[PDB]
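Peer 1: Quick one, run_30.cif (mmCIF, C-alpha atoms and all ligand atoms):
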```cif
data_protein
loop_
_atom_site.label_atom_id
_atom_site.label_comp_id
_atom_site.auth_asym_id
_atom_site.auth_seq_id
_atom_site.Cartn_x
_atom_site.Cartn_y
_atom_site.Cartn_z
CA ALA S 1 -18.22 -13.64 6.08
CA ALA S 2 -16.70 -11.97 3.11
CA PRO S 3 -17.60 -8.42 2.07
CA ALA S 4 -20.02 -7.97 -0.75
CA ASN S 5 -17.19 -6.99 -3.11
CA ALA S 6 -14.82 -9.79 -2.08
CA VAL S 7 -12.98 -11.51 -4.90
CA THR S 8 -14.80 -14.80 -5.40
CA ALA S 9 -13.72 -18.16 -6.57
CA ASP S 10 -15.80 -17.67 -9.75
CA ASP S 11 -14.11 -14.45 -10.93
CA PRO S 12 -12.21 -15.12 -14.19
CA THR S 13 -9.10 -13.30 -13.04
CA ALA S 14 -9.23 -15.07 -9.67
CA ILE S 15 -9.36 -18.40 -11.50
CA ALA S 16 -6.48 -17.45 -13.83
CA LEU S 17 -4.34 -16.24 -10.92
CA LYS S 18 -5.37 -19.13 -8.61
CA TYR S 19 -6.47 -16.72 -5.91
CA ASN S 20 -7.75 -18.08 -2.63
CA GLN S 21 -8.85 -15.97 0.35
CA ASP S 22 -6.95 -18.48 2.55
CA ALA S 23 -3.31 -18.94 1.56
CA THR S 24 -3.29 -22.30 3.35
CA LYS S 25 -5.75 -23.45 0.68
CA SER S 26 -3.57 -22.16 -2.16
CA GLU S 27 -1.00 -23.54 -4.59
CA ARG S 28 1.71 -21.11 -3.49
CA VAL S 29 4.18 -24.00 -3.06
CA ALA S 30 3.65 -25.26 -6.65
CA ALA S 31 4.12 -21.76 -8.06
CA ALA S 32 7.33 -21.03 -6.13
CA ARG S 33 7.06 -17.31 -6.85
CA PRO S 34 10.29 -15.50 -6.05
CA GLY S 35 11.06 -13.25 -3.11
CA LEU S 36 10.13 -15.36 -0.11
CA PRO S 37 9.81 -19.10 0.50
CA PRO S 38 6.32 -20.03 -0.65
CA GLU S 39 4.90 -20.92 2.76
CA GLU S 40 5.62 -17.31 3.85
CA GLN S 41 3.64 -15.65 1.05
CA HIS S 42 0.20 -14.12 1.49
CA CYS S 43 -1.61 -10.91 0.53
CA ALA S 44 -0.41 -8.92 3.55
CA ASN S 45 3.24 -9.10 2.35
CA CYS S 46 2.41 -8.52 -1.32
CA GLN S 47 3.28 -5.35 -3.24
CA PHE S 48 -0.21 -5.23 -4.79
CA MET S 49 -2.15 -5.12 -1.52
CA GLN S 50 -3.62 -1.69 -0.88
CA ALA S 51 -3.51 -0.87 2.77
CA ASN S 52 -5.64 2.20 2.40
CA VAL S 53 -8.56 0.29 0.76
CA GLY S 54 -11.11 -1.77 2.72
CA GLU S 55 -11.30 -2.56 6.43
CA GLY S 56 -9.85 -5.09 8.75
CA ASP S 57 -8.81 -8.33 7.06
CA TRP S 58 -10.41 -7.24 3.74
CA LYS S 59 -8.11 -4.94 1.80
CA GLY S 60 -7.63 -3.80 -1.78
CA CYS S 61 -5.53 -5.49 -4.42
CA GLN S 62 -4.44 -3.40 -7.36
CA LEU S 63 -5.08 -6.36 -9.72
CA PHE S 64 -8.75 -6.65 -8.64
CA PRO S 65 -10.12 -3.13 -9.05
CA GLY S 66 -13.35 -2.49 -7.16
CA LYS S 67 -12.98 -5.60 -5.01
CA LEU S 68 -11.43 -6.73 -1.74
CA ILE S 69 -9.05 -9.58 -0.99
CA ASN S 70 -8.27 -11.15 2.37
CA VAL S 71 -4.90 -10.22 3.95
CA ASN S 72 -4.48 -13.97 4.61
CA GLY S 73 -5.04 -14.95 0.95
CA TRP S 74 -2.71 -15.61 -1.96
CA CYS S 75 -2.60 -15.59 -5.77
CA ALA S 76 0.05 -16.37 -8.38
CA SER S 77 0.87 -12.68 -8.88
CA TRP S 78 2.21 -12.56 -5.32
CA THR S 79 5.18 -10.17 -5.30
CA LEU S 80 7.14 -9.04 -2.27
CA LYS S 81 6.01 -5.78 -0.67
CA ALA S 82 9.13 -3.72 -1.36
CA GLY S 83 7.76 -0.13 -1.09
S1 LIG I 101 -1.66 -9.83 -6.10
FE1 LIG I 101 -0.93 -9.96 -4.01
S2 LIG I 101 -2.50 -8.87 -2.76
FE2 LIG I 101 -3.44 -9.28 -4.77
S3 LIG I 101 -4.56 -11.25 -4.43
FE3 LIG I 101 -2.51 -11.77 -5.28
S4 LIG I 101 -1.23 -12.15 -3.44
FE4 LIG I 101 -3.13 -11.05 -2.75
#
```
Could you express the structure from this file as structure tokens?

Peer 2:
Amino acid sequence: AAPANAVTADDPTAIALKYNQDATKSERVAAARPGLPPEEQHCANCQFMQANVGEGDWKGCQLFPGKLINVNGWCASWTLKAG
């Protein structure tokens, strides 16, 4: 079950960024964002995931203030976690 503040499929920004809480149900291959092969991309290896926000599999994303994403998710702003 998702937290009460999970990003939902109906969120305008989630729709624009093609977020899904499950990267295996995402269009990461179509987008071909740079930095890793697409099949390797998900929130846990993204620069915007906030490891100090949330609990467990439900962590912050800087692009979704006040909400939580799933570490196993993906969106089209995926960017390699570089620091
Ligand atoms: S920006 Fe990164 S951490 Fe945030 S939802 Fe998209 S892939 Fe996940």

Peer 1: Have a look at S:36, S:30, S:19, S:52 and name the one nearest to ligand LIG 101 (chain I); count all atoms listed in the file.

Peer 2: S:19

Peer 1: Quick one: everything within 12 Å of residue 55 in chain S, counting all atoms listed in the file, minus sequence neighbours fewer than 4 positions away in the same chain. Send it as an MDAnalysis selection string.

Peer 2: chainID S and resid 2:3 6 50:51 59:60 67:71

Peer 1: All residues within 6 Å of ligand LIG 101 (chain I) are required, counting all atoms listed in the file; please report them as a list in words.

Peer 2: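 Based on all atoms listed in the file, ligand LIG 101 (chain I) is surrounded within 6 Å by residues 19, 42, 43, 46, 48, 49, 61, 63, 69, 73, 74, 75, 77 and 78 of chain S.
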
Peer 1: Using only C-alpha atoms, which protein or nucleic acid residues come within 9 Å of residue 47 in chain S? Drop anything in the same chain fewer than 5 positions from it, and give the result as a list in words.

Peer 2: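 Near residue 47 in chain S, the qualifying residues are residues 61, 62, 78, 79, 80, 81, 82 and 83 of chain S.
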
Peer 1: When you draw a straight line from CA of residue 26 in chain S to CA of residue 54 in chain S, how long is it in Å?

Peer 2: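 Separation of CA of residue 26 in chain S and CA of residue 54 in chain S: 22.3 Å.
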
Peer 1: Tell me, in Å to one decimal, how far CA of residue 53 in chain S is from CA of residue 4 in chain S.

Peer 2: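 Distance reported for this atom pair: 14.2 Å.
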